[PDB]
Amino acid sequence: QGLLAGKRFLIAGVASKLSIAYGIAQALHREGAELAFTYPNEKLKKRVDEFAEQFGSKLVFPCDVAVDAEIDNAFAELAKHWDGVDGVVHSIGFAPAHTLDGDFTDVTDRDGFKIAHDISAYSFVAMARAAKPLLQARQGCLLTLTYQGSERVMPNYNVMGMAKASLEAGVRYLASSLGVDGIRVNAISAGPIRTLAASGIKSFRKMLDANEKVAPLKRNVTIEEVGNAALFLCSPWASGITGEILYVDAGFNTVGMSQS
């Protein structure tokens, strides 16, 4: 038996096999978890069904976190199939491209700010409410991904750095609120990894090349290592850890100035 024998986990935000969430899906399944999966939109449905089956899963649901009623239904639809759940993994984030390309002051407009924070920060609080019942059942847990662009400035990150800072404070507030029920809320801050949201971004190459040089382990981290770190926080080995941001970035955050 694996560490999560006969446990249930919903995984929000699986678009491709390069995803962080795919790396998280692998790891949990490896340790004998039973996965459910949400999809954002009808175009993604067939691919998420293929990914679901790859993890021996037939529990797929449409959930666009921009809509309230999709969040409510997607967990009311899950409540039919499962009478409880051990963890929900939030691995969602978005910003309009125009707010990510350039200098923060000019391109950061109201509507792009409003979306960044809605999808990337409020979805997690929305999802935490719509899960609270099925989580209370098994004293389950929450996991989200964040980026250190929130604590310190990173080129081009811009309005995401704010929406990610909102989300990390939001982790600590969910943790205190849901603590009394036995639910743990945690996040991982991942180093840069090549996925869909990095597709063809030219900054990303140089920026990964910089992260590789600056980091203490002299390499960029893998979706495998983010998967294993997530698993730990989704497991009973992390029962004393709530409210935590776990940096999985080779120790890049700890470096103030690199020799060359």
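The numbering used is simple: start at 1 and walk along the sequence shown.
Visitor: On average, which has the higher Cα B-factor in the deposited entry, 57 to 65 or 197 to 205?
Guide: Stretch with the higher mean C-alpha B-factor: 197 to 205.
Visitor: Higher mean Cα B-factor in the deposited model: 94 to 102 or 161 to 169?
Guide: Going by the record's values, the stretch with the higher mean is 94 to 102.
Visitor: Among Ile119, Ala187, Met154, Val85, where is the Cα B factor highest in this entry?
Guide: Spelled out: the listed residue with the top C-alpha B-factor is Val85.
Visitor: Considering only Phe113, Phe124, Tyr147, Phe75, which residue's Cα atom bears the greatest B-factor as recorded?
Guide: Result of the comparison over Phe113, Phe124, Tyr147, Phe75: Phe75.
Visitor: Is the Cα B-factor recorded for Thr242 in the lowest, middle or highest third of its chain?
Guide: Ranked within chain, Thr242 CA B lands in the lowest tercile.
Visitor: Using the temperature factors of the C-alpha atoms in this entry, rank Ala15 within its chain: lowest, middle or highest third.
Guide: Tercile = highest for this residue's CA B-factor.
Visitor: For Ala5, does the deposited CA B-factor place it in the lowest, middle or highest third of the chain?
Guide: It belongs to the highest third of the chain when residues are ordered by C-alpha B-factor.
Visitor: Within this chain, which third does the Cα B-factor at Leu44 fall in: lowest, middle or highest?
Guide: Its C-alpha B-factor belongs to the highest third of this chain's values.
Visitor: Could you tell me which third, lowest, middle or highest, the C-alpha B-factor of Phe37 occupies within its chain?
Guide: For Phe37, whose C-alpha B-factor we compare with every modelled residue in the chain, the answer is the middle third.
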